[PDB]
Amino acid sequence: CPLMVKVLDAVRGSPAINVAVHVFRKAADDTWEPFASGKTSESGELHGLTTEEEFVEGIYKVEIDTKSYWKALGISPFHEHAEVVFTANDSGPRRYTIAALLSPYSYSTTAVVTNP
Amino acid sequence: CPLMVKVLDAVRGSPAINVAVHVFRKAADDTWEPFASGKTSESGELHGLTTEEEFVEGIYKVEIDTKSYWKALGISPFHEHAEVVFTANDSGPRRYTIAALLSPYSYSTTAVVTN
Amino acid sequence: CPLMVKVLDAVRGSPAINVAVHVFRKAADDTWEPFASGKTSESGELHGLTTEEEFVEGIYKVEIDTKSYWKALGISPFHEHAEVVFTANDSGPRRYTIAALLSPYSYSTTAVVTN
Amino acid sequence: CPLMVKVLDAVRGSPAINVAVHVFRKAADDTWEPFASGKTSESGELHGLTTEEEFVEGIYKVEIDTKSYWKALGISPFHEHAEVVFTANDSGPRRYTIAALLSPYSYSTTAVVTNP
Ligand SMILES: CC1=C(CC(=O)O)c2cc(F)ccc2/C1=C\c1ccc([S@](C)=O)cc1
Ligand SMILES: CC1=C(CC(=O)O)c2cc(F)ccc2/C1=C\c1ccc([S@](C)=O)cc1
């Protein structure tokens, strides 16, 4: 599991559950190609987005669907999404945890990059 | 000044100065159209991006070139940039401050929407 | 204005207005001594807490009554308050902005230390 | 493990390892009484601070020694510490995760409160 996404809800102080996460990889033609997607679990975690084999060097965009998340909670959020864009694996494979904290009008994303 | 961007540096505890910021508006074909840009001032602020007349409802993207900022400081950044995407809604409150706090491996953004 | 506190609300996307802020200085006996306090203005800012003369080097605590703020909004808060503790050092940069972003179950604070 | 502390380093994009964490509980006399303390592990996590039996209702202060953490990394940080103060267990036992993200001049703390 080289790429994991963890989402917390700062309003409820809970995992942000059932958050849609779309991962894209910048293609040769500089377009975003869909790479992987998934939903955060009850732990606010999204595991198994990709594999060591599939998660090659690239510029990746992780788009966290914070908007749908807040709407489903009956809240009108400010942001369309939380999107983290980074070069991955440029000095060899790393494991990346994208940790996002969500408020209706604010998010932060932190990356935990570890060398397997 | 309907749209303001303020950027702070969490590492140096300062405004994030000379950070390139590009604003895009989502065009009908779902592409991002350059709308406005600038560099944050010495207060880490970027004013005069747009005017009330130009700042119509729509989906906006505020792309903060965090990576160049960190490179300029000789600090290894994680993100390619910070991208803040939001719907400008005329409804109520109408001046938007997009606040960003930058760390090499983390960024946070908040919207201050006021009258 | 050597010490400024700015507070934002991450839930409402606004300045956190009328937030009580108490500043303490660590006394020699390691107790916190009331130093300054105020309520954030409508810009979520609290100015005029102290003066250059009164703001000597030392350890300061900025206690933001986040709990009363959230209760006033009818929102259930986690923290009792937000406590920002730091050393004011004369050395270099010398105006301190203590920025706080409040969520019910989260707060963040950043220091903007400038000239 | 009703109380856990997780600390990340936003500069290095890593767990904040060997971070001293002191937990205090407000006593009857309104003083802070030492409750528990520990160090974050290599995962930036601090488990086993307390027990279900020991972690009674109270106002607790979790003081994360961010200053020593940054100093040990040769960085001069702004804050003396990151200290989270909260009423715990007021509607029965909860599990509390105090998640802190550290930068030299900034921290955030989020609470993940779950009902066992
Ligand atoms: C640019 C900026 C400002 C402007 C100013 O200081 O005048 C600000 C003011 C506050 F009261 C709180 C946060 C901010 C901010 C960026 C920011 C800080 C923390 C977070 S949290 C960690 O998600 C997010 C964004
Ligand atoms: C999802 C998440 C976790 C879960 C985990 O890593 O186990 C976490 C753990 C920490 F020790 C610190 C932060 C986080 C986090 C998101 C996050 C929180 C605050 C900020 S501040 C507001 O910039 C940014 C991101």
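Residues numbered from 1 in each chain as written, not as in the entry; some residues may be left out. Chains lettered and ligands numbered in written order. Heavy atoms only, no water.

Going by the header, the method for this PDB entry is X-ray crystallography, and the resolution given is 1.9000 Å.

Going by what the PDB entry lists, chain A is known as Transthyretin and is assigned to Homo sapiens. For this structure, the PDB entry title reads "Crystal structure of wild-type human transthyretin in complex with sulindac". Taken verbatim from the UniProt record of chain A, the Function comment is "Thyroid hormone-binding protein. Probably transports thyroxine from the bloodstream to the brain." Check the Sequence similarities section of the UniProt entry for chain A; it says "Belongs to the transthyretin family." (UniProt positions renumbered as here; feature names shortened; annotations may be inferred.)

Per the PDB entry, chain B carries the name Transthyretin and comes from Homo sapiens. In its Function section, the UniProt entry covering chain B states "Thyroid hormone-binding protein. Probably transports thyroxine from the bloodstream to the brain." Checking UniProt for chain B, the heading Subunit contains the comment "Homotetramer. Dimer of dimers. In the homotetramer, subunits assemble around a central channel that can accommodate two ligand molecules. Interacts with RBP4."

1. What about the interface of chain C and chain A?
Opposite the nine residues of chain C that make contact, chain A presents nine residues. Here chain C packs against chain A, burying approximately 650 Å² in sum over the two surfaces, 64% of which is carbon and sulfur. Broken down residue by residue, the surface that chain C buries against chain A is led by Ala 10, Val 11 and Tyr 105 of chain C, which jointly contribute 52%. For the interface between chain C and chain A, the tally reads zero salt bridges. At the boundary of chain C with chain A, the tally comes to three residue pairs in polar contact. (Contact = heavy atoms within 4.5 Å. Buried area = accessible area lost by both parts, 1.4 Å probe. Salt bridge = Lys/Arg side-chain N within 4 Å of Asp/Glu carboxyl O. Polar contact = N/O pair within 3.5 Å; in protein donor to acceptor, adjacent residues only side chain to side chain.)

2. Concerning the site of ligand 2
Around ligand 2 lies a shell of 16 residues, among which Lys 6 and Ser 108 of chain A together with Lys 6, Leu 101 and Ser 108 of chain D are the nearest. Residue neighbours of ligand 2 fall on chains A, B and D, so the site bridges chains. Contact with the protein chains hides 93% of the accessible area of ligand 2, taken as 550 Å² for the molecule alone. For the shell around ligand 2, the residue count by class is nine nonpolar, five polar and two charged. (Near = heavy atom within 4 Å. Areas by Shrake-Rupley, 256 points an atom, 1.4 Å probe, with all protein chains shown as cover. Nonpolar A, V, L, I, M, F, W, Y, C, P; charged D, E, K, R; others polar.)

3. Here's the deal with unusual backbone geometry
Here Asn 18 of chain A, not a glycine, exhibits a phi torsion of approximately 60°, which is positive. Looking at the secondary structure, you find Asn 18 of chain A in the loop between β2 (14–15) and β3 (20–26). In this model, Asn 89 of chain D sits at a positive phi of 70°, which is unusual for a non-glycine residue. Checked against the element boundaries, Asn 89 of chain D lands in the loop between β7 (82–88) and β8 (95–103). (Helix = DSSP H or I, 4+ residues; strand = E, 2+ residues; numbered from the N terminus.)

4. Quick word on the site of ligand 1
Taken together, 16 residues are adjacent to ligand 1, and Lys 6 and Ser 108 of chain B together with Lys 6, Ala 100 and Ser 108 of chain C come closest. More than one chain reaches ligand 1: its neighbouring residues belong to chains A, B and C. Side-chain polar atom of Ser 108 of chain B to an oxygen atom of ligand 1: 3.0 Å apart, as the coordinates give it. Protein chains bury 92% of the 550 Å² of accessible surface belonging to ligand 1 in isolation. Elements with a minimum of two residues in the shell around ligand 1: β1 (3–9), β8 (95–103) and β9 (106–114) of chain B together with β1 (3–9), β8 (95–103) and β9 (106–114) of chain C. Class assignment of the residues belonging to the shell around ligand 1 gives a composition of nine nonpolar, five polar and two charged.

5. Observations regarding the UniProt feature "binding site: L-thyroxine" in chain A
Residues and elements named next belong to chain A. Under the UniProt annotation, the feature "binding site: L-thyroxine" is placed at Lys 6, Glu 45 and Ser 108. Position of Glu 45 among the secondary structure elements: in strand β5 (residues 45–46). Classification of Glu 45 by relative accessible area gives buried; the value is 18%. Leave out the neighbours within four places in its chain, and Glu 45 touches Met 4, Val 5, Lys 6, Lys 39 and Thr 40. A distance of 2.9 Å separates the side chain of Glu 45 from the side chain of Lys 6, its partner in a polar contact. (Buried < 20%, exposed > 50% of the residue type's maximum accessible area, 1.4 Å probe, protein only.)

6. Quick word on the pattern of salt bridges
All names here are of chain D. One pass over the structure, following the stated rule, counts 16 salt bridges over all chains. As a salt-bridge pair, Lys 26 and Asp 30 come within 3.9 Å of each other at their nearest N and O atoms. For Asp 30, a relative accessible area of 54% puts it in the exposed group. With a closest N to O distance of 2.5 Å, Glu 80 and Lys 67 form a salt bridge. Pair noted here: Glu 80 is in the loop between α1 (66–72) and β7 and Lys 67 is in helix α1, with a separation of 13 residues, a long-range link. The pair formed by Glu 80 and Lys 67 is uniform in burial state, with each residue classed as buried.

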